[PDB]
Structure formats: structure tokens, C-alpha cells
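Asker: Following this line is model35.pdb, made up of PDB, C-alpha atoms and all ligand atoms:
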```
ATOM      1  CA  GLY R  60      69.282 104.098  81.496
ATOM      2  CA  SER R  61      70.778 107.535  80.787
ATOM      3  CA  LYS R  62      69.921 108.828  84.280
ATOM      4  CA  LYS R  63      72.444 106.292  85.651
ATOM      5  CA  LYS R  64      75.570 108.441  85.234
ATOM      6  CA  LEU R  65      73.511 111.503  86.194
ATOM      7  CA  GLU R  66      72.195 110.181  89.532
ATOM      8  CA  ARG R  67      75.742 109.153  90.418
ATOM      9  CA  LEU R  68      77.027 112.630  89.442
ATOM     10  CA  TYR R  69      74.346 114.236  91.607
ATOM     11  CA  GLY R  70      75.539 112.252  94.654
ATOM     12  CA  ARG R  71      78.907 113.980  94.266
ATOM     13  CA  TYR R  72      77.436 117.414  95.095
ATOM     14  CA  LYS R  73      74.448 116.795  97.407
ATOM     15  CA  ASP R  74      74.426 118.372 100.887
ATOM     16  CA  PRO R  75      75.075 115.666 103.535
ATOM     17  CA  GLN R  76      72.519 117.462 105.771
ATOM     18  CA  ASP R  77      69.852 117.547 102.999
ATOM     19  CA  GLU R  78      69.734 115.012 100.136
ATOM     20  CA  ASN R  79      67.213 117.180  98.242
ATOM     21  CA  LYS R  80      69.681 120.027  97.525
ATOM     22  CA  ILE R  81      73.264 120.845  96.470
ATOM     23  CA  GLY R  82      74.683 123.052  99.225
ATOM     24  CA  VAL R  83      77.414 125.679  99.718
ATOM     25  CA  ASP R  84      80.348 123.229  99.605
ATOM     26  CA  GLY R  85      78.592 121.351  96.786
ATOM     27  CA  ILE R  86      78.288 124.516  94.698
ATOM     28  CA  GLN R  87      81.975 125.208  95.428
ATOM     29  CA  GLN R  88      82.937 121.705  94.194
ATOM     30  CA  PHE R  89      80.628 121.841  91.143
ATOM     31  CA  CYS R  90      82.281 125.130  90.140
ATOM     32  CA  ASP R  91      85.725 123.703  90.938
ATOM     33  CA  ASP R  92      84.974 120.755  88.658
ATOM     34  CA  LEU R  93      84.094 123.138  85.809
ATOM     35  CA  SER R  94      87.322 125.095  86.400
ATOM     36  CA  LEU R  95      85.302 128.312  86.794
ATOM     37  CA  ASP R  96      85.114 131.208  89.222
ATOM     38  CA  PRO R  97      81.916 130.607  91.207
ATOM     39  CA  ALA R  98      81.180 134.327  90.686
ATOM     40  CA  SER R  99      81.714 134.273  86.912
ATOM     41  CA  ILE R 100      78.994 134.995  84.331
ATOM     42  CA  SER R 101      79.512 131.410  83.130
ATOM     43  CA  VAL R 102      78.221 130.012  86.431
ATOM     44  CA  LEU R 103      75.277 132.431  86.244
ATOM     45  CA  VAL R 104      74.411 131.122  82.752
ATOM     46  CA  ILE R 105      74.424 127.522  84.046
ATOM     47  CA  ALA R 106      72.084 128.431  86.893
ATOM     48  CA  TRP R 107      69.898 130.230  84.380
ATOM     49  CA  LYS R 108      69.749 127.071  82.290
ATOM     50  CA  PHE R 109      68.951 125.144  85.442
ATOM     51  CA  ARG R 110      66.230 127.743  86.164
ATOM     52  CA  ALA R 111      67.672 127.872  89.698
ATOM     53  CA  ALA R 112      65.547 129.532  92.387
ATOM     54  CA  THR R 113      68.227 131.058  94.620
ATOM     55  CA  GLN R 114      71.981 131.557  94.420
ATOM     56  CA  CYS R 115      74.428 129.221  96.195
ATOM     57  CA  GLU R 116      72.304 126.065  96.004
ATOM     58  CA  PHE R 117      70.538 123.783  93.541
ATOM     59  CA  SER R 118      67.566 121.584  94.316
ATOM     60  CA  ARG R 119      67.843 117.928  93.279
ATOM     61  CA  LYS R 120      65.260 118.731  90.600
ATOM     62  CA  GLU R 121      67.037 121.912  89.407
ATOM     63  CA  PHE R 122      70.185 119.876  88.689
ATOM     64  CA  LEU R 123      68.583 116.746  87.200
ATOM     65  CA  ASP R 124      66.028 118.485  84.960
ATOM     66  CA  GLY R 125      68.562 121.130  83.854
ATOM     67  CA  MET R 126      71.346 118.677  82.973
ATOM     68  CA  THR R 127      68.757 116.382  81.376
ATOM     69  CA  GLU R 128      67.477 119.308  79.267
ATOM     70  CA  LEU R 129      71.017 120.007  78.055
ATOM     71  CA  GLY R 130      71.573 116.224  77.701
ATOM     72  CA  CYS R 131      74.614 116.087  79.981
ATOM     73  CA  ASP R 132      75.653 113.213  82.271
ATOM     74  CA  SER R 133      79.195 114.502  82.825
ATOM     75  CA  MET R 134      80.951 117.743  83.708
ATOM     76  CA  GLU R 135      82.871 117.840  80.402
ATOM     77  CA  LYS R 136      79.735 117.684  78.232
ATOM     78  CA  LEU R 137      78.400 120.562  80.309
ATOM     79  CA  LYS R 138      81.641 122.506  79.790
ATOM     80  CA  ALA R 139      81.542 121.732  76.053
ATOM     81  CA  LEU R 140      78.153 123.453  75.949
ATOM     82  CA  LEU R 141      79.118 126.647  77.838
ATOM     83  CA  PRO R 142      80.027 128.728  74.728
ATOM     84  CA  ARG R 143      76.953 127.562  72.753
ATOM     85  CA  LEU R 144      74.933 128.661  75.790
ATOM     86  CA  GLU R 145      76.929 131.851  76.422
ATOM     87  CA  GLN R 146      76.444 132.761  72.729
ATOM     88  CA  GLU R 147      72.757 131.962  73.229
ATOM     89  CA  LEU R 148      72.815 135.318  75.064
ATOM     90  CA  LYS R 149      73.036 137.354  71.854
ATOM     91  CA  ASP R 150      69.296 137.028  71.154
ATOM     92  CA  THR R 151      67.635 140.119  72.634
ATOM     93  CA  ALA R 152      64.634 138.174  73.976
ATOM     94  CA  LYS R 153      66.842 135.404  75.392
ATOM     95  CA  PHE R 154      69.108 137.884  77.165
ATOM     96  CA  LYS R 155      66.092 139.725  78.672
ATOM     97  CA  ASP R 156      64.875 136.469  80.250
ATOM     98  CA  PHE R 157      68.375 135.841  81.589
ATOM     99  CA  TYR R 158      68.605 139.404  82.890
ATOM    100  CA  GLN R 159      65.223 139.327  84.590
ATOM    101  CA  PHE R 160      65.980 135.853  85.945
ATOM    102  CA  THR R 161      69.091 137.322  87.609
ATOM    103  CA  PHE R 162      66.981 139.456  89.969
ATOM    104  CA  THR R 163      64.893 136.624  91.516
ATOM    105  CA  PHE R 164      67.992 134.367  91.540
ATOM    106  CA  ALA R 165      70.112 136.935  93.379
ATOM    107  CA  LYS R 166      67.717 138.098  96.126
ATOM    108  CA  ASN R 167      66.623 136.573  99.459
ATOM    109  CA  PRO R 168      63.522 134.382  99.298
ATOM    110  CA  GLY R 169      60.416 135.954 100.872
ATOM    111  CA  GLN R 170      61.534 139.562 100.390
ATOM    112  CA  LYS R 171      60.187 141.864  97.679
ATOM    113  CA  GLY R 172      63.383 143.802  96.940
ATOM    114  CA  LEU R 173      67.061 143.221  96.236
ATOM    115  CA  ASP R 174      69.689 144.630  98.616
ATOM    116  CA  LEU R 175      71.872 147.355  97.068
ATOM    117  CA  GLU R 176      75.285 145.643  97.336
ATOM    118  CA  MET R 177      74.005 142.442  95.737
ATOM    119  CA  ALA R 178      72.265 144.426  92.990
ATOM    120  CA  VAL R 179      75.458 146.351  92.173
ATOM    121  CA  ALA R 180      77.517 143.144  92.171
ATOM    122  CA  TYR R 181      75.013 141.442  89.847
ATOM    123  CA  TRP R 182      74.772 144.511  87.596
ATOM    124  CA  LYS R 183      78.561 144.605  87.257
ATOM    125  CA  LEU R 184      78.310 140.978  86.206
ATOM    126  CA  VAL R 185      75.448 140.909  83.676
ATOM    127  CA  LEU R 186      75.437 144.536  82.427
ATOM    128  CA  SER R 187      79.202 145.091  82.092
ATOM    129  CA  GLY R 188      79.951 146.570  78.670
ATOM    130  CA  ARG R 189      76.225 146.560  77.857
ATOM    131  CA  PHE R 190      75.554 149.808  79.678
ATOM    132  CA  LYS R 191      77.399 153.078  79.139
ATOM    133  CA  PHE R 192      76.133 154.453  82.438
ATOM    134  CA  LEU R 193      76.685 151.450  84.752
ATOM    135  CA  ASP R 194      79.586 153.005  86.703
ATOM    136  CA  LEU R 195      77.717 156.265  87.232
ATOM    137  CA  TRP R 196      74.514 154.314  88.020
ATOM    138  CA  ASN R 197      76.049 152.264  90.832
ATOM    139  CA  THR R 198      77.785 155.324  92.289
ATOM    140  CA  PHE R 199      74.533 157.269  92.156
ATOM    141  CA  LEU R 200      72.717 154.570  94.155
ATOM    142  CA  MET R 201      75.526 154.131  96.705
ATOM    143  CA  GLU R 202      75.822 157.858  97.416
ATOM    144  CA  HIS R 203      72.112 158.283  98.213
ATOM    145  CA  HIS R 204      71.856 155.059 100.237
ATOM    146  CA  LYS R 205      68.955 153.413  98.439
ATOM    147  CA  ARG R 206      69.032 150.236 100.539
ATOM    148  CA  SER R 207      66.811 148.120  98.263
ATOM    149  CA  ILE R 208      66.031 147.634  94.555
ATOM    150  CA  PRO R 209      62.473 146.763  93.387
ATOM    151  CA  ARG R 210      61.913 144.280  90.530
ATOM    152  CA  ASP R 211      60.217 146.973  88.426
ATOM    153  CA  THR R 212      63.341 149.182  88.543
ATOM    154  CA  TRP R 213      65.703 146.242  87.838
ATOM    155  CA  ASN R 214      63.730 144.954  84.834
ATOM    156  CA  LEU R 215      63.270 148.383  83.235
ATOM    157  CA  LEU R 216      66.895 149.542  83.590
ATOM    158  CA  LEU R 217      67.613 147.051  80.771
ATOM    159  CA  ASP R 218      65.283 148.945  78.431
ATOM    160  CA  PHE R 219      66.883 152.202  79.626
ATOM    161  CA  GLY R 220      70.385 150.948  78.735
ATOM    162  CA  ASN R 221      69.287 149.920  75.241
ATOM    163  CA  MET R 222      67.867 153.299  74.213
ATOM    164  CA  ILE R 223      69.760 156.005  76.157
ATOM    165  CA  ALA R 224      71.998 158.346  74.122
ATOM    166  CA  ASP R 225      75.546 159.398  75.033
ATOM    167  CA  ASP R 226      74.192 162.818  76.073
ATOM    168  CA  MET R 227      70.891 161.491  77.513
ATOM    169  CA  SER R 228      69.066 164.099  75.370
ATOM    170  CA  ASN R 229      66.606 161.594  73.849
ATOM    171  CA  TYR R 230      65.324 160.857  77.373
ATOM    172  CA  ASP R 231      61.848 162.356  77.766
ATOM    173  CA  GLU R 232      61.600 164.168  81.124
ATOM    174  CA  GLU R 233      58.020 162.857  81.377
ATOM    175  CA  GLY R 234      58.483 159.132  80.612
ATOM    176  CA  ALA R 235      57.004 155.950  82.109
ATOM    177  CA  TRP R 236      60.285 155.466  83.987
ATOM    178  CA  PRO R 237      60.290 154.272  87.643
ATOM    179  CA  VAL R 238      61.150 157.087  90.074
ATOM    180  CA  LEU R 239      64.641 155.718  90.808
ATOM    181  CA  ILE R 240      65.712 155.801  87.156
ATOM    182  CA  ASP R 241      64.336 159.342  86.762
ATOM    183  CA  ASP R 242      66.176 160.551  89.875
ATOM    184  CA  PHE R 243      69.348 159.117  88.343
ATOM    185  CA  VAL R 244      68.855 161.136  85.150
ATOM    186  CA  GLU R 245      68.193 164.374  87.095
ATOM    187  CA  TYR R 246      71.423 163.622  88.974
ATOM    188  CA  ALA R 247      73.441 162.371  85.982
ATOM    189  CA  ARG R 248      72.395 164.958  83.348
ATOM    190  CA  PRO R 249      74.706 167.759  84.615
ATOM    191  CA  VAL R 250      77.643 165.311  84.873
ATOM    192  CA  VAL R 251      77.434 164.970  81.062
ATOM    193  CA  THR R 252      77.190 168.587  79.791
TER
ATOM    194  CA  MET J   1      77.214 132.701  92.997
ATOM    195  CA  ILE J   2      78.255 136.081  94.487
ATOM    196  CA  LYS J   3      77.184 135.264  98.068
ATOM    197  CA  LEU J   4      79.031 131.890  98.161
ATOM    198  CA  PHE J   5      82.171 133.303  99.822
ATOM    199  CA  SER J   6      80.238 134.994 102.652
ATOM    200  CA  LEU J   7      78.065 131.890 103.118
ATOM    201  CA  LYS J   8      81.182 129.676 103.448
ATOM    202  CA  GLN J   9      82.895 131.995 105.967
ATOM    203  CA  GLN J  10      79.592 132.044 107.913
ATOM    204  CA  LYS J  11      79.133 128.233 107.989
TER
HETATM  205 BR    BR R 301      62.581 121.662  92.991
END
```
What would the structure in this file look like if it were written as C-alpha cells?
Ligand SMILES: [Br-]
Answerer:
Amino acid sequence: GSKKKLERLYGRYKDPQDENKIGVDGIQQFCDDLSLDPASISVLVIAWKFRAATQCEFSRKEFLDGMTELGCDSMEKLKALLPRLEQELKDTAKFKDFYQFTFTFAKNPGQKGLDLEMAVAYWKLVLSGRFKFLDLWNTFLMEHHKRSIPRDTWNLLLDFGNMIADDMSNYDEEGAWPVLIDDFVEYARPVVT
Amino acid sequence: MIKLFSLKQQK
């Protein structure tokens, strides 16, 4: 009898043209109800707790299972959890999952890579103040017109950010680093010396 | 939901 308030609350957001998903306007309302910027990290966290497949929509099962898992039948209970969830992102292993989730969440379904502009936007979001070289990294990619970002390069950039020194000296010129990261270093090394 | 603005202006 707990699903009662939850089913009703789902009906608030469901796409009129598809009962099995929360659509564009529904996502806009859901965010509006939470008093959050749709594009905020806080919304991203919620989707990550929902285990959402693709940005800008939730399946009827993504919403119900997710809210159920957090034990929330309202939008205030959800809000009350935000910080406890946002803090949840201190754990290194928990943040990695979130970070890697961001890739598959952000990209188009059925395509292997992530478009550059979306990747930058999502990097700014998740990796802001985690990465000393973010600004230079995005610029690097924009200037050379790499149109797409592979999963391998996305996932490993995290590890790169964790271990790279202010002067990049500890970076081994051999490495097991994906080409794109290595190119960045060979570009970025002069700019810091 | 970065793409939500573009997807609203497109629908
Ligand atoms: Br589903």
C-alpha cells in the first residue's frame, strides 16, 4: 500500500504520448518541483540513483524502482535525501561508478562514442574542481576538432586526474594511456614549463 | 539534463 502515493506521483510526470516514460516536459516539471536547475549536478545524481538509461527521460520502471529504492513517495522526501546522496559521492569507488555512468547516460543510444560538445558540458559538470587540467583539456579537444569521445578515454581520464602532478612530470611518456590523453600531454607539457 | 533545452526548443 506504499506504492499508492508513488503511482499517483508518477502520473504527474508521464508523457501523454507514452505512458511508459517521463518525457521532456515531464523532466522539466520534475526538476521544477525539486526547485533545481535541470542541468545541475543534483539532477545528475538523482538520475544516477535511478540508474537512468538516457538523459531527458525516465522509464516508468526507472522512476518507480529508483524512488522505491530510496523509499520516497513524495518530492520533499526525495529533496531531503539529496545531500545524503550528494555526500555519497565522496567515496572513491562510488564516485567512479557515478562518473562512468555519466558517459552512457549522456550519449545517444546506439552510438559507440560521445559527441564533443556534450562531453565537455558533462565534464564541466562532474569534473569541476576535481581536475586541475579540465580547462586546458576541453580547449585542447576543441582546437583539434576531435568530434567524438570513446568510453575508454572518458573512463580513464578520471584515473589521469587523480594522479597527475602540477608539472605533469610524474607522467610516464610510455604509459597505458589512450592515444587522446597522450596527445593532450604532448600538447599541454610545454604550456606548463 | 544538459540536452533538455535543445529538446524542448525542437519539440
Ligand atoms: Br525500464
Asker: Could you check how far CA of residue 232 in chain R sits from CA of residue 152 in chain R, in Å to one decimal?
Answerer: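 Spanning CA of residue 232 in chain R to CA of residue 152 in chain R is a straight-line distance of 27.1 Å.
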Asker: Could you list, with a cut-off of 9 Å and counting only C-alpha atoms and all ligand atoms, the residues of chain R near ligand BR 301 (chain R), each shown with its nearest atom pair and the distance in Å rounded to one decimal, rows sorted by chain and ascending number, as JSON lines?
Answerer:
```
{"residue": "R:79", "atom": "CA", "partner": "R:BR301", "partner_atom": "BR", "distance": 8.3}
{"residue": "R:80", "atom": "CA", "partner": "R:BR301", "partner_atom": "BR", "distance": 8.6}
{"residue": "R:111", "atom": "CA", "partner": "R:BR301", "partner_atom": "BR", "distance": 8.7}
{"residue": "R:112", "atom": "CA", "partner": "R:BR301", "partner_atom": "BR", "distance": 8.4}
{"residue": "R:117", "atom": "CA", "partner": "R:BR301", "partner_atom": "BR", "distance": 8.3}
{"residue": "R:118", "atom": "CA", "partner": "R:BR301", "partner_atom": "BR", "distance": 5.2}
{"residue": "R:119", "atom": "CA", "partner": "R:BR301", "partner_atom": "BR", "distance": 6.5}
{"residue": "R:120", "atom": "CA", "partner": "R:BR301", "partner_atom": "BR", "distance": 4.6}
{"residue": "R:121", "atom": "CA", "partner": "R:BR301", "partner_atom": "BR", "distance": 5.7}
{"residue": "R:122", "atom": "CA", "partner": "R:BR301", "partner_atom": "BR", "distance": 8.9}
```
Asker: Do a neighbour search on range 5-8 of chain J at 9 Å with all atoms listed in the file, toss out local chain neighbours closer than 6 positions, and write the hits as a list in words.
Answerer: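 Listed by chain and then number, they are residues 83, 84 and 115 of chain R.
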Asker: Using the chain letters and numbers from this file, what does the PyMOL selection byres ((chain J) within 7 of (chain R and not hetatm)) select? Give the answer as a PyMOL selection string.
Answerer: chain J and resi 1-4+8
Asker: On this file, the PyMOL selection byres (((chain R and resi 215) around 12) and not hetatm) gives some set of residues; write that set as number ranges by chain.
Answerer: R: 155, 158-159, 162, 208-214, 216-222, 235-241
Asker: Padding 4 Å on every side, please: axis-aligned box over the listed atoms of range 69-88 of chain R, centre and edge lengths to one decimal in Å, as AutoDock Vina command-line options.
Answerer:
```
--center_x 75.1 --center_y 119.0 --center_z 98.7 --size_x 23.7 --size_y 21.4 --size_z 22.2
```
Asker: So what do you get for CA of residue 168 in chain R versus CA of residue 109 in chain R, distance-wise?
Answerer: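 Rounded to one decimal, the two atoms are 17.5 Å apart.
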Asker: One number please: CA of residue 193 in chain R to CA of residue 179 in chain R, in Å, one decimal.
Answerer: 9.1 Å
Asker: May I have the residues within 9 Å of residue 206 in chain R as a tab-separated table (two decimals) with C-alpha atoms, in the frame of the given file, using only C-alpha atoms and disregarding those fewer than 3 positions away in the same chain?
Answerer:
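Saved to result_0.tsv:
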```
chain	number	residue	atom	x	y	z
R	173	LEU	CA	67.06	143.22	96.24
R	174	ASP	CA	69.69	144.63	98.62
R	175	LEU	CA	71.87	147.35	97.07
R	176	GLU	CA	75.28	145.64	97.34
R	200	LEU	CA	72.72	154.57	94.16
R	201	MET	CA	75.53	154.13	96.70
R	203	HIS	CA	72.11	158.28	98.21
```
Asker: Between R:95, R:105, R:195, R:68, single out the one closest to residue 134 in chain R, counting only C-alpha atoms.
Answerer: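 With only C-alpha atoms as the atom set, the closest residue is R:68.
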Asker: Please expand the PyMOL selection byres (((chain R and resi 140) around 12) and not hetatm) into the concrete residues it hits in this file, giving the result as a PyMOL selection string.
Answerer: chain R and resi 93+101+104-105+108+126+128-131+133-139+141-147
